[PDB]
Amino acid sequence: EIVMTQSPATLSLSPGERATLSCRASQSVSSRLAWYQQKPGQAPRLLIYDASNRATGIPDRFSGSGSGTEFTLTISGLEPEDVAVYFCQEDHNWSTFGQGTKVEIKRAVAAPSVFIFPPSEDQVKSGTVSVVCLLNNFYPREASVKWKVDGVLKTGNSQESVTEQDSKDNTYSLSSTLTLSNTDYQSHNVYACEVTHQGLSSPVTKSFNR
């Protein structure tokens, strides 16, 4: 074992300025180190090898440096497509990966497009009813989703799912699903989801009756 630890855990920088990703090793490992990029939903790609060499087909904004126990990955001038997790890796003939570093490219504040979906009639036949609340292309990532059933807040029966940051517009999209039974859904009228966001002066509410 040679424990490889990376810092920081997360980054958020705008395009143009450089990001410095650090990497510490337990024992000295000379220059036997590589850097990998893992775009969300893809396999890792080799960026640097031998600590300071850019691999083939890699933009010149990626640099590697360091020797011994301290190493550094530099991205001179971020681009929107640079959103990924970056992995430090040691190699004797045993390989040891770091824990990773999430790089987020910070973006202009964008308000979400809120949409609400009533359940389908085929779905109320089964006896379980889901109503989906949709948030579209917002930034920053942090957001609040309140579910209200005929006015009263309903906390405990909803689940959220946020996509990865887009590699083009650097936004997020959230999907909240509120699950109820047939007799419970057919016992109230109006269903709404209220969202709170930095890009909103006032929280918006999308609703439907029945």
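Note that residue numbering follows the sequence shown and begins at 1.
Taking only CA atoms, the mean B-factor in the PDB entry is higher for 116-124 than for the other of 116-124 and 71-79. In this crystal structure, the stretch out of 174-182 and 49-57 whose C-alpha atoms carry the higher mean B factor is 174-182.
In the PDB entry, the Cα temperature factor peaks, among 10, 189, 14, 20, at 189. The residue among 162, 29, 43, 145 whose C-alpha carries the highest B-factor in the deposited model is 145.
Annotation for residue 204: CA B-factor lies in the highest third of the chain's modelled residues.
Ranked against the other modelled residues of its chain, the C-alpha B-factor of residue 158 as given in the entry falls in the middle third. Split the chain's modelled residues into thirds by C-alpha temperature factor. Residue 108 is in the highest one.
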